[PDB]
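Peer 1: Starting off with a structure, shown below.
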Amino acid sequence: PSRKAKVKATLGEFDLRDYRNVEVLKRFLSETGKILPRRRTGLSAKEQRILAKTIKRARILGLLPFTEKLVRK
Amino acid sequence: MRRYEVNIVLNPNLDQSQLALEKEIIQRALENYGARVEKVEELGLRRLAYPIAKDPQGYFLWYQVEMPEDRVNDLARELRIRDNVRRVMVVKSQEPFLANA
Amino acid sequence: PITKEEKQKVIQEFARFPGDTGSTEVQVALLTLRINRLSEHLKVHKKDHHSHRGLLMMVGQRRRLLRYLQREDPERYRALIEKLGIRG
Amino acid sequence: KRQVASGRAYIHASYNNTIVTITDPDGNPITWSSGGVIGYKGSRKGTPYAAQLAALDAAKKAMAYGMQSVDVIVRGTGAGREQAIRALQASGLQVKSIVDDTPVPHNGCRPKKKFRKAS
RNA sequence: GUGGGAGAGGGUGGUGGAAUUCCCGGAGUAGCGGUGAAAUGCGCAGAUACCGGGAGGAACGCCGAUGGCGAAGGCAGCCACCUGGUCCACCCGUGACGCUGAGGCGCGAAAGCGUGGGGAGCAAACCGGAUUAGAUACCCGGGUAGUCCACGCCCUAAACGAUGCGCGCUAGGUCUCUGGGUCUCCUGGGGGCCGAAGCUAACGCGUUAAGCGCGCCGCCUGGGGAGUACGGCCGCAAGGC
Ligand SMILES: [K+]
Ligand SMILES: [K+]
Ligand SMILES: [K+]
Ligand SMILES: [K+]
Ligand SMILES: [Mg+2]
Ligand SMILES: [Mg+2]
Ligand SMILES: [Mg+2]
Ligand SMILES: [Mg+2]
Ligand SMILES: [Mg+2]
Ligand SMILES: [Mg+2]
Ligand SMILES: [Mg+2]
Ligand SMILES: [Mg+2]
Ligand SMILES: [Mg+2]
Ligand SMILES: [Mg+2]
Ligand SMILES: [Mg+2]
Ligand SMILES: [Mg+2]
Ligand SMILES: [Mg+2]
Ligand SMILES: [Mg+2]
Ligand SMILES: [Mg+2]
Ligand SMILES: [Mg+2]
Ligand SMILES: [Mg+2]
Ligand SMILES: [Mg+2]
Ligand SMILES: [Mg+2]
Ligand SMILES: [Mg+2]
Ligand SMILES: [Mg+2]
Ligand SMILES: [Mg+2]
Ligand SMILES: [Mg+2]
Ligand SMILES: [Mg+2]
Ligand SMILES: [Mg+2]
Ligand SMILES: [Mg+2]
Ligand SMILES: [Mg+2]
Ligand SMILES: [Mg+2]
Ligand SMILES: [Mg+2]
Ligand SMILES: [Mg+2]
Ligand SMILES: [Mg+2]
Ligand SMILES: [Mg+2]
Ligand SMILES: [Mg+2]
Ligand SMILES: [Mg+2]
Ligand SMILES: [Mg+2]
Ligand SMILES: [Mg+2]
Ligand SMILES: [Mg+2]
Ligand SMILES: [Mg+2]
Ligand SMILES: [Mg+2]
Ligand SMILES: [Mg+2]
Ligand SMILES: [Mg+2]
Ligand SMILES: [Mg+2]
Ligand SMILES: [Mg+2]
Ligand SMILES: [Mg+2]
Ligand SMILES: [Mg+2]
Ligand SMILES: [Mg+2]
Ligand SMILES: [Mg+2]
């Protein structure tokens, strides 16, 4: 049910369309380089849709990873 | 005449002279396509999330400019000829969309 | 695209009177500008059909407006055709 | 005879066979084992017990090179992955980290008919 | 018209990473693969597994959904350019300029055809291995056209909501997309579920009508024969109407 914490509630004022801010977009990624779903981010439809393309831009720039490796399995 | 943002990631192993020459070529190409610069933010070398050109780091440059649209792509090609320049991304400027306000 | 300055230019050029923004002549002139722009866009990129359909719809709308003008006042109809250079 | 004393261990586990390859921290292999290395020949290679035997055999072969600490790397979803994990975990070799690095594509190539109804 | 809005709507160019295959090198040894179980196959000319580098083609993981867009087919990495449709607010302009639509014309998944190119993966036909009473199959190892691209044809479908288009009227509740606003909520457009009246043979439909009405087009008149024959038109052919 993802009752741990919401990324939006665990954050303050920030720009969703900013693709250069890495320390904020790192929080929206999972343990892997995948994009967190709606239940983890706690965003809306439009917010999630903008976040998707901004994360893709940050990945192409080389700031966010396309994929990572799971640890402690 | 639209407003754009240019992100240029190049080799962080360049010395000051080679970096100065690369930035000189960048400014010269911007003048050759009529790109009026409004501001600039040079973040320096930063750690990449994945190796680009066999290098775990990259030197970043950002330019907010205003230029005619018809040659925007035609400018991007000119910035990809330099072997030191390894990433060029041009994005139309957009107003910030703030969340949790 | 079509900026606001060109739109206001053609509107004030084909306005029946200062303030008129929706008369038949203004609509036909705007449709003609859009049609010429789309034809110049479709000379190249000739594989685009979804915009070709919009071109067909604009042509039909302009033809219907010109038919209405022909029915009501043929003088302004001939004047509009002479100013825009339509019908070949 | 290299005396590595610290390396990595790749475990390629499939529904038909599980193979363990012990390499150096740079990826170059030293020794390895699988279900075919053990007396098992046919389908018995896709067995968790066979995977345990292969892991222990590769571990004992790595003992010849005097290796103590390992970094396990897991690839592929097959019967016997966790059994090989538990075999290498208590085999004299110190397991420092377990990493699942199964290569997942971004829907690039078309799979076989056996793996169709997907992309 | 003015000012705003959202979108995998379309076309062109460029560009990103993961993966598969192949090649080069390093390291390394007795099998890998595959199945209910096996064999063909590949491996001492050193495979499989591992690391690094290179090439190439094709498709875009998470986001992603019961979601969005389009007239339908259909559209899913990213960036730029060109471009279509659409919604809302203001009540601003024209002043019935509207609806439908036989023909005509254009678009039209996949497969197929022509020319040229491309060809990694997949894979009709086919070459084999198994299975079986037999296996011209399901299973397994290979593999051509093709899938891909450009241009030109082909007009088919479970082309499906099995529900033609437009307008008006007729209880609501709830979920959601997207605006606007006095932003508990109201209002507009779109996508779902449950249901008033009502309809239906029933299942079910029910402000996204299959309800109540109106306008216009298409089509049906028992089944097989048969979407066959003949004729005509179109098509290089396959064939289609
Ligand atoms: K053999
Ligand atoms: K849908
Ligand atoms: K050929
Ligand atoms: K609102
Ligand atoms: Mg370069
Ligand atoms: Mg096996
Ligand atoms: Mg699009
Ligand atoms: Mg080799
Ligand atoms: Mg083989
Ligand atoms: Mg082979
Ligand atoms: Mg042999
Ligand atoms: Mg030999
Ligand atoms: Mg291989
Ligand atoms: Mg490699
Ligand atoms: Mg090739
Ligand atoms: Mg999905
Ligand atoms: Mg729609
Ligand atoms: Mg469909
Ligand atoms: Mg009025
Ligand atoms: Mg009046
Ligand atoms: Mg119509
Ligand atoms: Mg018709
Ligand atoms: Mg077709
Ligand atoms: Mg086709
Ligand atoms: Mg062909
Ligand atoms: Mg060919
Ligand atoms: Mg094959
Ligand atoms: Mg086959
Ligand atoms: Mg056979
Ligand atoms: Mg039988
Ligand atoms: Mg027999
Ligand atoms: Mg081949
Ligand atoms: Mg042929
Ligand atoms: Mg359907
Ligand atoms: Mg229908
Ligand atoms: Mg029927
Ligand atoms: Mg509604
Ligand atoms: Mg119901
Ligand atoms: Mg009733
Ligand atoms: Mg009932
Ligand atoms: Mg309807
Ligand atoms: Mg109705
Ligand atoms: Mg009869
Ligand atoms: Mg019949
Ligand atoms: Mg009949
Ligand atoms: Mg037929
Ligand atoms: Mg026929
Ligand atoms: Mg005939
Ligand atoms: Mg003929
Ligand atoms: Mg035939
Ligand atoms: Mg035939």
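Chains as they are written, first to last, in the deposited numbering: chain R, 16 to 88; chain F, 1 to 101; chain O, 2 to 89; chain K, 11 to 129.
The beta-carbon is built from N, C-alpha and C at its ideal position, and this holds for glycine as well.
Can you tell me whether DSSP reads residue 134 (chain K) as helix, strand or coil?
Peer 2: Residue 134 (chain K) is absent from the model: chain K starts at 11 and stops at 129.
Peer 1: For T47 (chain R), which residues in the same chain have their Cβ closer than 8 angstroms to its Cβ, ignoring the five residues on either side in sequence?
Peer 2: Residue numbering aside, residue 47 (chain R) sits at position 32 when the first sequence is read from its first letter. If we look at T47 (chain R) and ignore the five residues flanking it on each side, its Cβ neighbours are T82, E83, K84 and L85.
Peer 1: Note down the Cα distance separating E38 (chain F) from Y4 (chain F), rounded to an integer number of angstroms.
Peer 2: Taking the second sequence and counting its residues from 1, the one referred to as residue 38 (chain F) is at position 38. Taking the second sequence and counting its residues from 1, the one referred to as residue 4 (chain F) is at position 4. Distance between the alpha carbons of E38 (chain F) and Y4 (chain F): 10 angstroms.
Peer 1: Contact criterion: CB-CB distance below 7 angstroms. Does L44 (chain R) meet it with respect to chain F?
Peer 2: Reading the first sequence from its first residue, position 29 is the one you call residue 44 (chain R). With 7 angstroms as the cut-off, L44 (chain R) does not count as an interface residue toward chain F.
Peer 1: Can you tell me which of the three DSSP states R46 (chain F) falls into?
Peer 2: Working through the second sequence from its first residue, we reach residue 46 (chain F) at position 46. Residue state, collapsed to three classes: strand.
Peer 1: Rounded to the nearest angstrom, how far is the Cβ of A69 (chain K) from that of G102 (chain K), given a contact under 8 angstroms?
Peer 2: Within the fourth sequence, the letter at position 59 stands for residue 69 (chain K). Within the fourth sequence, the letter at position 92 stands for residue 102 (chain K). Rounded, the Cβ-Cβ distance is 7 angstroms, consistent with contact.
Peer 1: Taking a cut of 7 angstroms between CB atoms, which residues from the segment 110-123 of chain K lie near chain R?
Peer 2: Listed by position along the chain: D110 and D111.
Peer 1: Assuming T28 (chain K) contacts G45 (chain K) (C-beta within less than 8 angstroms), just tell me the rounded distance between them.
Peer 2: Here residue 28 (chain K) corresponds to residue number 18 of the fourth sequence, with the count starting at 1. Here residue 45 (chain K) corresponds to residue number 35 of the fourth sequence, with the count starting at 1. Between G45 (chain K) and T28 (chain K) the Cβ distance is about 6 angstroms, and since that is below 8 angstroms, they are a contact.
Peer 1: Across the segment 70-80 of chain R and the segment 49-56 of chain F, are there enough close Cβ pairs to call them in contact, namely three or more that are closer than 8 angstroms?
Peer 2: Because the criterion of three Cβ pairs below 8 angstroms is met, the segment 70-80 of chain R and the segment 49-56 of chain F touch.
Peer 1: Report the CB separation of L85 (chain O) from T33 (chain O) in whole angstroms; it is logged as a contact under 8 angstroms.
Peer 2: Counting from 1 along the third sequence, the entry for residue 85 (chain O) is found at position 84. Counting from 1 along the third sequence, the entry for residue 33 (chain O) is found at position 32. 5 angstroms between Cβ atoms; contact.
Peer 1: List, in chain order, every chain K residue whose beta-carbon is nearer than 7 angstroms to that of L85 (chain R).
Peer 2: Against the first sequence, residue 85 (chain R) aligns to sequence position 70. Correct list: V109 and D110.
Peer 1: Interface residues of chain R around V84 (chain K) at Cβ under 9 angstroms?
Peer 2: Translated into positions along the fourth sequence, residue 84 (chain K) becomes position 74. Residues of chain R passing the Cβ test: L85 and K88.
Peer 1: Taking 8 angstroms as the threshold, find out whether the segment 58-72 of chain O comes into contact with the segment 45-60 of chain K through three or more Cβ pairs.
Peer 2: No, the segment 58-72 of chain O does not touch the segment 45-60 of chain K.
Peer 1: Just the Cα atoms here: how many angstroms apart are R64 (chain R) and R53 (chain R)?
Peer 2: On the first sequence, position 49 is the one that residue 64 (chain R) refers to. On the first sequence, position 38 is the one that residue 53 (chain R) refers to. Cα to Cα, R64 (chain R) sits roughly 10 angstroms from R53 (chain R).
Peer 1: What residues are listed by DSSP as bridge partners for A73 (chain R)?
Peer 2: Position 58 of the first sequence, counted from the start, is the residue given in the question as residue 73 (chain R). In the DSSP output, where bridge partners are listed per residue, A73 (chain R) has none listed.
Peer 1: Given this structure, state the Cα-to-Cα distance separating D67 (chain K) from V109 (chain K), to the nearest angstrom.
Peer 2: Here residue 67 (chain K) refers to the residue found at position 57 when the fourth sequence is read from its first residue. Here residue 109 (chain K) refers to the residue found at position 99 when the fourth sequence is read from its first residue. Cα-Cα distance, rounded: 21 angstroms.
Peer 1: Which residue's Cα is closest to the Cα of residue 1 (chain O): O:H50, O:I82, O:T25 and O:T4?
Peer 2: This structure gives no information on residue 1 (chain O), because the portion of chain O shown stretches from 2 to 89.
Peer 1: Quick check on the burial criterion: 16 or more other C-beta atoms within 10 angstroms. Buried or exposed for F43 (chain R)?
Peer 2: Sequence index remark: in the first sequence, residue 43 (chain R) carries index 28 (1-based). Flag for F43 (chain R) reads buried.
Peer 1: Taking only the alpha-carbon atoms, compute the straight-line gap between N38 (chain K) and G34 (chain F) and give it to the nearest angstrom.
Peer 2: For the purposes of this step, residue 38 (chain K) is taken as the residue at position 28 of the fourth sequence. For the purposes of this step, residue 34 (chain F) is taken as the residue at position 34 of the second sequence. Their backbone Cα atoms lie some 53 angstroms apart in a straight line.
Peer 1: According to DSSP, is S52 (chain O) helix, strand or coil?
Peer 2: For the purposes of this step, residue 52 (chain O) is taken as the residue at position 51 of the third sequence. Of the three classes helix, strand and coil, the one that applies to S52 (chain O) here is helix, per DSSP.
Peer 1: Tell me where the beta strand (DSSP E) around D110 (chain K) begins and ends.
Peer 2: By one-based count along the fourth sequence, residue 110 (chain K) stands at place 100. Note, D110 (chain K): beta strand (DSSP E), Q104 to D110.
Peer 1: Which of the three DSSP states is assigned to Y59 (chain K) in this structure?
Peer 2: Your numbering for residue 59 (chain K) matches position 49 in the fourth sequence. Helix, per DSSP.
Peer 1: Could you name the residues of the same chain whose beta carbon sits closer than 8 angstroms to that of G58 (chain F), not counting the 5 residues immediately before and after it, in chain order?
Peer 2: Along the second sequence, read from residue 1 onward, the residue named residue 58 (chain F) stands at position 58. For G58 (chain F), where only same-chain residues beyond five positions count, the Cβ hits under 8 angstroms are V9, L10, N11, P12, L45, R46, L48, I52, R86 and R87.
Peer 1: Are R32 (chain R) and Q16 (chain F) touching if we call contact CB-CB under 7 angstroms?
Peer 2: Translated into the one-based positions of the first sequence, residue 32 (chain R) becomes position 17. Translated into the one-based positions of the second sequence, residue 16 (chain F) becomes position 16. Against a cut-off of 7 angstroms, the Cβ pair of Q16 (chain F) and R32 (chain R) comes out as no contact.
Peer 1: Alpha carbon to alpha carbon, how far is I26 (chain F) from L79 (chain F)?
Peer 2: Position 26 of the second sequence holds residue 26 (chain F). Position 79 of the second sequence holds residue 79 (chain F). When rounded, the distance between both Cα atoms is 7 angstroms.
Peer 1: To the nearest angstrom, how far is the alpha carbon of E42 (chain F) from that of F60 (chain F)?
Peer 2: Mapped onto the second sequence, residue 42 (chain F) falls at position 42. Mapped onto the second sequence, residue 60 (chain F) falls at position 60. So the alpha carbons of these two residues sit roughly 6 angstroms apart.
Peer 1: Where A29 (chain F) and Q18 (chain F) are concerned, what is the direct C-alpha to C-alpha distance, given to the nearest angstrom?
Peer 2: Along the second sequence, read from residue 1 onward, the residue named residue 29 (chain F) stands at position 29. Along the second sequence, read from residue 1 onward, the residue named residue 18 (chain F) stands at position 18. Approximately 16 angstroms between the Cα atoms of the pair.
Peer 1: Unbroken alpha helix (DSSP H) runs of length 4 or more, entirely within the segment 8-68 of chain O: which are they?
Peer 2: Counting only runs of 4 or more, we get 25-44.
Peer 1: Who pairs with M67 (chain F) in a beta bridge, going by DSSP?
Peer 2: Mapped onto the second sequence, residue 67 (chain F) falls at position 67. DSSP lists F:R2 as partners of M67 (chain F).
Peer 1: Let me know if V114 (chain K) comes out buried or exposed under the rule of 16 or more other beta-carbons within 10 Å of its beta-carbon.
Peer 2: Within the fourth sequence, the letter at position 104 stands for residue 114 (chain K). Looking at its Cβ environment, which holds fewer than 16 other Cβ atoms inside 10 Å, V114 (chain K) is exposed.
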